[PDB]
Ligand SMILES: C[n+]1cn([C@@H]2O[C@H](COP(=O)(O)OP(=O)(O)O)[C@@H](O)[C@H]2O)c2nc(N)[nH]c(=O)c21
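Before any questions on binding or motion, here is one chain by itself as structure tokens, the form solved without the named molecule.
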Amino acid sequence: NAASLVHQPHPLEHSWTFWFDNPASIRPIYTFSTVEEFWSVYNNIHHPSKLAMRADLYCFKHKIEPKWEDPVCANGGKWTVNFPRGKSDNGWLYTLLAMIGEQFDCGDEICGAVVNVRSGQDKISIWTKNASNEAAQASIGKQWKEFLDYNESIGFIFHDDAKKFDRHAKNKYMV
């Protein structure tokens, strides 16, 4: 009946799923496919300023698992930004909105994002596919900086390098 007609949800291009790792143990917690479901879920998950130390909160396209070994992610990598502890809520929200709104020019390459809550600095990363496509990666990085008003350099780390070297993995690209 007209009830659904006059209050119709606004579908997203993709479905997305939040995953959480507490402080193989990464679990899916909320899926959403519309703008209204996004805000409903976002308003019931803690913002990073109220997540516990060592928490990782991921938002990935439906059916991409946030693991280096996932076949979509395997040859990919990540861009990373840093924020002071407890000062990452706005950057997280903008990152989410840019992703789910398909605002990136090379938005095909995006897998998802994650916020890592740590003492000292919080980190946010966008995970992408096809690490070796430097042009596409640089487009994403540059465009992300512009969305955030971020004024520092940001680096891209191949998943292959993060797996092999650990803390010691270096940035392949910077922008």
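Throughout, we count residues from 1 along the sequence that is shown.
Per the record, residue 23 and residue 24 are separated by 10 or more deposited residues that have no coordinates. Relative to its counterpart among 111 to 119 and 137 to 145, 111 to 119 has the higher mean temperature factor, C-alpha atoms as listed in the PDB entry. When the mean C-alpha temperature factors of 46 to 54 and 128 to 136 are read from the deposited coordinates, 46 to 54 comes out higher. Based on the entry's C-alpha B-factors, the most elevated value among 165, 16, 156, 19 belongs to 165. Listed residues 77, 91, 71, 101 were ranked by CA B-factor as deposited; 71 comes out on top.
Separately, the form solved in complex with the named molecule exists; it is not shown, and the next lines address it.
Among 69, 134, 146, 108, the residue placing a heavy atom within 4.5 Å of the named molecule in the deposited complex is 69. Note on the partner interface in the deposited complex: the residue among 63, 46, 27, 118 having a heavy atom within 4.5 angstroms of the named molecule is 118. Using a 4.5 Å cut-off to the named molecule in the deposited complex, each of 54, 58 and 127 places a heavy atom inside that distance. Contact check for residue 13: every heavy atom lies farther than 4.5 Å from the named molecule in the deposited complex.
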